[PDB]
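Asker:
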Amino acid sequence: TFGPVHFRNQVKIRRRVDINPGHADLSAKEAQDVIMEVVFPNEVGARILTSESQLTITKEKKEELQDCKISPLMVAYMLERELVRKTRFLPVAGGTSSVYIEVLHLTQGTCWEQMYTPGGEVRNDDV
Amino acid sequence: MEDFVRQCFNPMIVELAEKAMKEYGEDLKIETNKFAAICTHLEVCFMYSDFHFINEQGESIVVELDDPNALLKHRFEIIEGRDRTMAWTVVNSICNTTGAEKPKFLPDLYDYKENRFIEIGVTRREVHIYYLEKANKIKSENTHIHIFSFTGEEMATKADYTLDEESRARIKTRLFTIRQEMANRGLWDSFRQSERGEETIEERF
Amino acid sequence: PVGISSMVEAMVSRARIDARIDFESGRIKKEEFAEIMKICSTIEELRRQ
Amino acid sequence: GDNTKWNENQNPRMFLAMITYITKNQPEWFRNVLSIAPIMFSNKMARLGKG
RNA sequence: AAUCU
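Line order of the protein sequences matches chains A, B, C and D. Counting with the deposited numbering, you get residues 129 to 255 for the letters of the first sequence. Counting with the deposited numbering, you get residues 1 to 205 for the letters of the second sequence. Counting with the deposited numbering, you get residues 708 to 756 for the letters of the third sequence. Counting with the deposited numbering, you get residues 304 to 354 for the letters of the fourth sequence.
#1: Can the beta-carbon of residue 101(B) be found closer than 8 angstroms to that of residue 90(B)?
#2: Give me the Cβ distance between residue 242(A) and residue 133(A), rounded to the nearest whole Å; I'm assuming they're in contact under 8 angstroms.
#3: Our contact map puts residue 191(B) next to residue 171(B) with C-beta atoms below 8 angstroms; I'd like the distance itself, whole angstroms only.
#4: Flag this pair as yes or no: are the beta carbons of residue 40(B) and residue 1(B) separated by less than 8 angstroms?
#5: What span of residues does the beta strand (DSSP E) with residue 111(B) cover, start to end?
#6: Which whole runs of the beta strand (DSSP E) in the region 114-186 of chain B are 3 residues long or more, in chain order?
#7: If you measure from the beta carbon of residue 65(B) to each beta carbon in chain C, is any gap under 8 angstroms?
#8: Where does the unbroken beta strand (DSSP E) through residue 134(A) begin, and where does it stop?
#9: Measure how close the beta-carbons of residue 105(B) and residue 138(B) come, nearest whole angstrom, since I'm counting them as under 8 angstroms.
#10: State buried or exposed for residue 189(A), treating a residue as buried only when at least 16 other CB atoms are found within 10 Å of its CB.
#11: By how many angstroms is the C-alpha of residue 197(A) removed from the C-alpha of residue 191(A)?
#12: Anything in chain B within Cβ reach of residue 172(A), meaning under 7 angstroms, just list it in chain order.
#13: What is the rounded straight-line gap between the Cα of residue 36(B) and the Cα of residue 75(B)?
#14: Tell me where the beta strand (DSSP E) around residue 242(A) begins and ends.
#15: Under 8 angstroms between beta-carbons, which chain A residues line up against residue 102(B)? List them in chain order, please.
#16: Just the C-alpha distance for residue 99(B) and residue 712(C), rounded to the nearest angstrom, thanks.
#17: Mind listing, in chain order, the continuous alpha helix (DSSP H) runs of no fewer than 4 residues lying wholly within the region 189-245 of chain A?
#18: DSSP has residue 166(A) in a bridge; who is on the other side?
#19: For chain C, find out if any of its Cβ atoms is closer than 8 angstroms to the Cβ of residue 16(B); answer yes or no.
#20: Could you check the C-alpha separation between residue 173(B) and residue 160(B) for me, to the nearest Å?
#21: Write down every uninterrupted run of the alpha helix (DSSP H) in the region 32-77 of chain B whose length is 4 residues or greater and which is fully enclosed by it, in chain order.
#22: With a floor of 4 residues, list each alpha helix (DSSP H) that falls wholly inside the region 731-755 of chain C, ordered by position along the chain.
#23: Smallest Cα separation from residue 120(B): which of 67(B), 20(B), 182(B) and 48(B)?
#24: With which residues is residue 143(A) paired in a DSSP beta bridge?
#25: Answer yes or no: does any C-beta atom of chain B fall closer than 8 angstroms to that of residue 709(C)?
#26: With which residues is residue 148(A) paired in a DSSP beta bridge?
#27: Identify each residue in the region 200-228 of chain A for which the Cβ-Cβ distance to at least one residue of chain B is less than 7 angstroms, and report them in chain order.
#28: Here's the rule: buried if 16 or more other CB atoms are within 10 angstroms of the residue's CB, otherwise exposed. What is residue 206(B)?
#29: Residues of chain B with CB closer than 8 angstroms to the CB of residue 169(A), please, in chain order.
#30: Against chain D, does residue 75(B) count as a neighbour if the rule is that its beta carbon must be under 8 angstroms from one of theirs?
Structure representation (C-alpha cells):
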C-alpha cells in the first residue's frame, strides 16, 4: 500500500542491517544439517536432529520437495537463503527490518521519503 | 605382541585393523593389545557373516561356499569392517529405507530377517557387567546384542540367538584356540588393557 | 568429502550398498543386481591387479 | 598525506623484529612458523620478464 | 529492546 511523498532534509546513518532475517530457531549451524537431511538424507552421517523446530522444518520441506528434479545444489542454495542470516553495512533512514530494507531504494532518498507498507505479515518483535 | 597378531591372522584382518587404528589417531607401538582385540573382533564378525546366505524368507541357509547364481543375497551386512563415512552411509540408507531407528554409535552388522542391527563384543572378563555397559552405552535400543567370552559362554537379549549353535561353536573354538595359544607365549597377562598414554602430543616445527 | 581410500573403492562399495537396499524393498530386480555385481567384480579385478 | 616509495623502504628485517616481539612468550613452534616469511622475503629474487 | 562473520 503506497502513500504520499514528502520532501524534506534527510540524514542517513550507516548501520549493519539484515538482508535475510533467517529462521530464529536454528542458529546457522543446525540449519546446514537440516539442509543436509532434507536434500541429502543418506550422506549426513552421525548427526541426529534434536530440537522440535528442526523436525518440523524437516518434515515440511521434505513432504513439499518430495520428487523434485530441479537440482539438489540449487535447492540447497535456496534453502540457505531461506534459513541462514545475512547482514550488510548500508546507509539507512527509517526502518531497519528486512522487509523495509529490500525497498530502501524506493522509500528513502536524498531529499524525499515515500510512504510504503509491505503486504505480508509482520513479526511482533519488530512491532 | 604385534608379531604374534601379524603371524596368526591372515593379512586382510591385520590390514583393515591397521587402517582402523590409523583412522583412530593412535600409535600402534604405544598401544598394542587394542590391535589384537580389534583383529579378534574383525575375525569373529567375518565368521558370523560368512557361511550364511538367505532364502526367500530369512533365517539363513548355510553353505560350505556360495553357489554361482542370482541368489547372492547375504542375510548379514557388515558395517564395522569399513571406513567411517561408508559405514554411516550404510546405516543411514538402511534407516531411511525400512524406517528403522538410527543408532548413536556404529553397530557391527545388520540382519534382514528380524530387520535390526547387531553389536558383537568380545571380552576377557565374563559377560553380565560388560553386557550392561554395552546396554547403557547403546541407549533406547532395538539393535540386538550378542557378546562372547574366551571361556566358552555367550549371552544375548531376550535369550534371542540370531543363528545356529554350530557357528557359535566355531567362533568359540577359534576363540579358545586364540586364548590358550596366547598362554603358550605368556602375553595373556597384558590383556587387562585400557586406553592410556598422553595423546596430547607436542607440536614440533 | 573425507577419506583415505581410492575413489574407485568408495564408488564400487556404494554401488553394492545401493543395489542391495534398492533390491530389498523397491525397484531393482534380480537381473540388474547380478549384472552390476558382475561389473563390480570386474572393476575389482582391474584395480587390484 | 601519501607516502613516497613506501614499498621500497620497508624492509623485511624490521618485520622479523616485529614478529619476534609479538610472539614474545609464546611456544617456539609458533615463533618459528611465523619467522619464515620475513626470512624468505629478505633473501628474495626477481624475474626480469619478457625481455 | 540488544550481541551472529
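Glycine is no exception: its CB is placed at the ideal position from the N, C-alpha and C atoms.
Answerer: Quick answer:
#1: no
#2: 5 angstroms
#3: Not quite, the Cβ-Cβ distance comes to about 18 angstroms (not below 8 angstroms), so this is no contact.
#4: no
#5: 109-111
#6: 116-123 and 144-149
#7: no
#8: 130-135
#9: 7 angstroms
#10: buried
#11: 14 angstroms
#12: 92
#13: 27 angstroms
#14: 240-244
#15: 176
#16: 30 angstroms
#17: 200-211, 226-229 and 232-235
#18: Its beta-bridge partners do not exist; DSSP assigns none.
#19: no
#20: 21 angstroms
#21: 33-49
#22: 737-754
#23: 48(B)
#24: 218(A)
#25: yes
#26: 214(A)
#27: none
#28: Limits of chain B in this structure are 1 at one end and 205 at the other, which puts residue 206(B) out of reach.
#29: 92 and 96
#30: no
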